[PDB]
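K.L.:
Dumping the structure here so I can ask a few things about it.
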Amino acid sequence: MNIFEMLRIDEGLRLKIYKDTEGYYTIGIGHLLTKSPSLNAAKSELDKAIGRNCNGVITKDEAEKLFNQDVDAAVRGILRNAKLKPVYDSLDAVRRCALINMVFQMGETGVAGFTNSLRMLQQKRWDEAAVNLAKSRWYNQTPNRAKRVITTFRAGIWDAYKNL
């Protein structure tokens with residue numbers, strides 16, 4: 001299992017503009033287009049992102065391209081972030097994928113706000129950090145996904161994704 005396979009389980013693949021769990025306009029493999037309520041604003045962002053007139057619809061191919069950029073940006077964002085970098089560097093390969101997943105879902109900023117859990121993950125207090133991570137809007141709003149990510153940080157193995 002790898003970062004791409006993991007995120008693809010969590011996000012799914014949709015070739016037509018759709019709404020987030022959040023109500024936001026998205027396409028592909030969890031590629032948020034806009035937080036704006038107009039489908040029209042969303043279509044325009046799409047065409048800007050793909051470089052063609054899409055009419056709200058893309059190919060698998062275009063979806064994967066967007067996904068490669070997003071994962072690359074997520075990693076680079078972690079590496080550039082003063083709060084995230086040190087935790088990332090401290091982690092093993094599997095757990096590194098769990099942090100990347102959180103950053104992709106919620107952005108650098110959002111994850112950098114989980115101060116206490118970050119601190120516990122650095123210290124390798126796995127059970128503690130898993131309890132603290134669960135105390136969040138994140139867990140309450142998307143409990144099955146947060147639970148997968150959390151087990152991944154807790155255990156350091158890919159079992160949560162085996163089932164799936």
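Ordering of the structure tokens sets the chain letters (A, B, ...); residue numbers start at 1 within each chain; ligands are numbered from 1 in the order shown.
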List the neighbours of stretch 67-82 of chain A out to 9 Å using only C-alpha atoms; skip same-chain residues closer than 6 positions along the sequence, and give me the result as a ChimeraX atom specification.

P.N.:
/A:3-4,28-31,88-89,99-101,103-104,107-108,112

K.L.:
Include N, CA and C atoms and write out the residues we just selected as an mmCIF file, in the first residue's frame.

P.N.:
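File selection_1.cif, as written:
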```
data_model
loop_
_atom_site.group_PDB
_atom_site.id
_atom_site.type_symbol
_atom_site.label_atom_id
_atom_site.label_comp_id
_atom_site.auth_asym_id
_atom_site.auth_seq_id
_atom_site.Cartn_x
_atom_site.Cartn_y
_atom_site.Cartn_z
ATOM 1 N N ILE A 3 0.784 5.992 -0.434
ATOM 2 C CA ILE A 3 0.018 7.217 -0.280
ATOM 3 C C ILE A 3 -1.119 7.353 -1.315
ATOM 4 N N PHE A 4 -0.850 7.061 -2.577
ATOM 5 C CA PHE A 4 -1.865 7.174 -3.594
ATOM 6 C C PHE A 4 -3.029 6.214 -3.425
ATOM 7 N N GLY A 28 -12.756 14.692 -9.325
ATOM 8 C CA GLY A 28 -11.613 13.793 -9.319
ATOM 9 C C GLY A 28 -11.459 13.012 -8.033
ATOM 10 N N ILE A 29 -10.209 12.996 -7.583
ATOM 11 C CA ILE A 29 -9.834 12.350 -6.336
ATOM 12 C C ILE A 29 -9.679 13.400 -5.224
ATOM 13 N N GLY A 30 -10.815 13.948 -4.781
ATOM 14 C CA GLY A 30 -10.841 14.914 -3.710
ATOM 15 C C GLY A 30 -10.202 16.245 -4.045
ATOM 16 N N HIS A 31 -10.210 16.640 -5.306
ATOM 17 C CA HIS A 31 -9.618 17.948 -5.689
ATOM 18 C C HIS A 31 -10.649 19.051 -5.498
ATOM 19 N N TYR A 88 7.101 15.129 10.715
ATOM 20 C CA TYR A 88 7.270 14.324 9.512
ATOM 21 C C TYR A 88 8.618 13.605 9.518
ATOM 22 N N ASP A 89 9.655 14.363 9.786
ATOM 23 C CA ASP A 89 11.009 13.843 9.830
ATOM 24 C C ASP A 89 11.181 12.816 10.904
ATOM 25 N N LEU A 99 0.068 11.417 8.079
ATOM 26 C CA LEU A 99 0.145 12.865 8.196
ATOM 27 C C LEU A 99 -0.116 13.452 6.854
ATOM 28 N N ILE A 100 0.431 12.841 5.799
ATOM 29 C CA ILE A 100 0.167 13.381 4.447
ATOM 30 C C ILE A 100 -1.371 13.421 4.117
ATOM 31 N N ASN A 101 -2.084 12.382 4.556
ATOM 32 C CA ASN A 101 -3.518 12.196 4.330
ATOM 33 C C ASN A 101 -4.274 13.357 4.998
ATOM 34 N N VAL A 103 -3.130 16.329 5.821
ATOM 35 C CA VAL A 103 -2.777 17.563 5.142
ATOM 36 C C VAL A 103 -3.585 17.697 3.849
ATOM 37 N N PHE A 104 -3.750 16.608 3.094
ATOM 38 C CA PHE A 104 -4.507 16.604 1.847
ATOM 39 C C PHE A 104 -5.973 16.981 2.133
ATOM 40 N N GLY A 107 -5.610 20.666 4.706
ATOM 41 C CA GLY A 107 -4.685 21.739 4.454
ATOM 42 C C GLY A 107 -3.671 21.831 5.599
ATOM 43 N N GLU A 108 -2.502 22.387 5.304
ATOM 44 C CA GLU A 108 -1.326 22.569 6.159
ATOM 45 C C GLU A 108 -1.751 23.272 7.434
ATOM 46 N N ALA A 112 -1.565 21.923 11.197
ATOM 47 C CA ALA A 112 -0.607 22.616 12.083
ATOM 48 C C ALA A 112 -1.300 23.119 13.353
#
```

K.L.:
Considering only C-alpha atoms, give me a table of residues in stretch 19-50 of chain A that are at most 12 Å from stretch 140-151 of chain A, with the closest atom pair and distance in Å for each, as CSV.

P.N.:
```
residue,atom,partner,partner_atom,distance
A:20,CA,A:142,CA,11.3
A:21,CA,A:142,CA,8.2
A:22,CA,A:141,CA,9.1
```

K.L.:
Export, as a CSV table (one decimal), in the first residue's frame, the selected residues with N, CA, C and O atoms.

P.N.:
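Final output, saved to part.csv:
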```
chain,number,residue,atom,x,y,z
A,20,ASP,N,-18.5,18.0,-1.7
A,20,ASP,CA,-17.7,17.6,-0.5
A,20,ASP,C,-18.7,17.1,0.5
A,20,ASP,O,-19.8,17.5,0.6
A,21,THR,N,-18.1,16.6,1.6
A,21,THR,CA,-18.9,16.2,2.7
A,21,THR,C,-19.3,17.5,3.3
A,21,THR,O,-20.3,17.6,4.0
A,22,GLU,N,-18.5,18.5,2.9
A,22,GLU,CA,-18.7,19.9,3.4
A,22,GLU,C,-19.7,20.8,2.7
A,22,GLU,O,-20.0,21.9,3.1
```

K.L.:
A:98, A:155, A:111, A:7: which is nearest residue A:126, counting only C-alpha atoms?

P.N.:
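Looking only at the distances to residue A:126, the closest residue turns out to be A:155.
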
K.L.:
Please provide as a list in words all residues within 9 Å of residue A:157, with the sequence filter that same-chain residues fewer than 5 positions apart are discarded (counting only C-alpha atoms).

P.N.:
residues 94, 95, 151 and 152 of chain A

K.L.:
Next, write the just-selected residues to a file, as a compact mmCIF listing (two decimals), in the first residue's frame, keeping N, CA and C atoms as the atom set.

P.N.:
```
# COMPACT_ATOMS: atom_id res chain seq x y z
N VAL A 94 5.14 4.50 7.22
CA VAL A 94 3.70 4.31 7.24
C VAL A 94 3.06 5.53 7.88
N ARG A 95 3.53 5.93 9.05
CA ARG A 95 2.92 7.04 9.77
C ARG A 95 3.06 8.32 9.00
N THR A 151 -5.83 4.79 13.35
CA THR A 151 -5.31 3.47 13.56
C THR A 151 -3.95 3.40 12.94
N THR A 152 -3.84 4.06 11.79
CA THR A 152 -2.56 4.07 11.05
C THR A 152 -1.43 4.74 11.90
```

K.L.:
So the first atom is atom CA of residue A:130 and the second is atom CA of residue A:86; what is the distance between them in Å, to one decimal place?

P.N.:
18.7 Å

K.L.:
Hey, which of A:5, A:17, A:63, A:117 ends up closest to residue A:44? Count only C-alpha atoms.

P.N.:
A:17

K.L.:
With DSSP run on the backbone, what are the helix (DSSP H, G or I) residues within stretch 6-153 of chain A? I'd like them as a ChimeraX atom specification.

P.N.:
/A:6-11,39-50,60-80,85-90,93-112,115-122,126-133,137-141,143-153

K.L.:
Would you mind listing what lies within 10 Å of residue A:39 as a list in words, with only C-alpha atoms counted and same-chain residues fewer than 4 positions away left out?

P.N.:
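Final neighbour list, sorted by chain and number: residues 17, 18, 19, 24, 25, 33, 34, 43, 44, 45 and 56 of chain A.
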
K.L.:
Selected residues, C-alpha atoms, written as a PDB file, in the first residue's frame, please.

P.N.:
```pdb
ATOM      1  CA  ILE A  17     -18.247  18.059 -10.441  1.00  0.00           C
ATOM      2  CA  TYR A  18     -19.611  17.043  -7.064  1.00  0.00           C
ATOM      3  CA  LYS A  19     -20.097  18.379  -3.502  1.00  0.00           C
ATOM      4  CA  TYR A  24     -18.002  22.147  -1.523  1.00  0.00           C
ATOM      5  CA  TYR A  25     -17.503  21.817  -5.192  1.00  0.00           C
ATOM      6  CA  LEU A  33     -12.402  23.433  -6.787  1.00  0.00           C
ATOM      7  CA  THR A  34     -14.004  26.307  -4.847  1.00  0.00           C
ATOM      8  CA  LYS A  43     -16.813  25.273 -13.632  1.00  0.00           C
ATOM      9  CA  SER A  44     -14.526  28.135 -14.284  1.00  0.00           C
ATOM     10  CA  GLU A  45     -11.977  26.979 -11.771  1.00  0.00           C
ATOM     11  CA  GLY A  56     -17.948  20.139 -15.585  1.00  0.00           C
TER      12      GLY A  56
END
```

K.L.:
Write out as a PyMOL selection string all residues of chain A that backbone DSSP assigns to strand (DSSP E).

P.N.:
chain A and resi 14-19+25-28+31-34

K.L.:
Excluding residue A:114 and its own-chain neighbours fewer than 4 positions away, which residues fall within 8 Å of it when counting only C-alpha atoms? Please give them as a PyMOL selection string.

P.N.:
chain A and resi 110+118+133

K.L.:
Would you mind listing what lies within 10 Å of residue A:92 as a VMD selection string, with only C-alpha atoms counted and same-chain residues fewer than 5 positions away left out?

P.N.:
chain A and resid 97 153 156

K.L.:
Could you check the closest approach to residue A:124 for each of A:164, A:27, A:106, A:87 and tell me which residue wins, using only C-alpha atoms?

P.N.:
A:87

K.L.:
Between A:26, A:36, A:132, A:2, which is the closest to residue A:49 once you count only C-alpha atoms?

P.N.:
A:26
